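Visitor: This one's experimental. Sequence and coordinates below.
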Amino acid sequence: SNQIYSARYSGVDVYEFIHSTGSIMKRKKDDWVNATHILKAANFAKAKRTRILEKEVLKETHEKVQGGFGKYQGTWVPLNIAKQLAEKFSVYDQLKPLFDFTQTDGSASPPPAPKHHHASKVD
């Protein structure tokens, strides 16, 4: 719901919130949104999301996250245009929290996403 964590990957930070696709990432440059959370949140990720998403995002700043960078968004879109399409028949409702923003009610705010230390895998 309002679970809005902060993360930084691919040299650009993004937002990771659980929604229709679970965690949703966003591009810091233009704060893009994973069209899946907007389209997949109302159409599930199936052969439909492959076209509806590609046809909806492909033309609407659709970015595919691969390699571990932006794998939380997958198909994020320009928040300026994403929120305009989501408010339509996307998740305008389920995104109540994502759009509300988790503001610190004045109480010490916890750190962004879970802090995890990378392990050393020597070949």
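Guide: Now that the structure is in, tell me what you want to look at. Numbering: from 1, shown residues only.
Visitor: Show me which strand runs longest in this protein.
Guide: Longest strand of the chain, by residue count under DSSP state E: strand 12-19.
Visitor: Mind listing what's buried along that strand?
Guide: 13-19 (16 or more other C-beta atoms under 10 Å). All C-beta spots, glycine's among them, are computed from the backbone N, C-alpha and C.
Visitor: Kindly indicate which of those lies nearest residue 62.
Guide: Proximity of those to residue 62 (C-beta to C-beta) peaks at residue 14, which lies at 14.9 Å.
Visitor: Please report how far the closest one lies from residue 4.
Guide: Taking C-beta to C-beta, to the nearest Å as the measure, residue 14 falls 11 Å from residue 4.
Visitor: And for residue 68?
Guide: 21 Å.
Visitor: neighbour count winner among those two?
Guide: Neighbour totals were compared for residue 68 and residue 4, and residue 4 leads with 19 against 8 (other C-beta atoms under 10 Å).
Visitor: where do the helices sit along the protein?
Guide: Secondary structure of the chain (DSSP state H): helices at 35, 41-43, 47-48, 54-57, 79-89, 96-100.
Visitor: Residue 62: what's it in contact with?
Guide: Residue 62 is in contact with 35, 53-54, 56, 75-77, counting by C-beta atoms under 8 Å, 6 or more residues apart in numbering.
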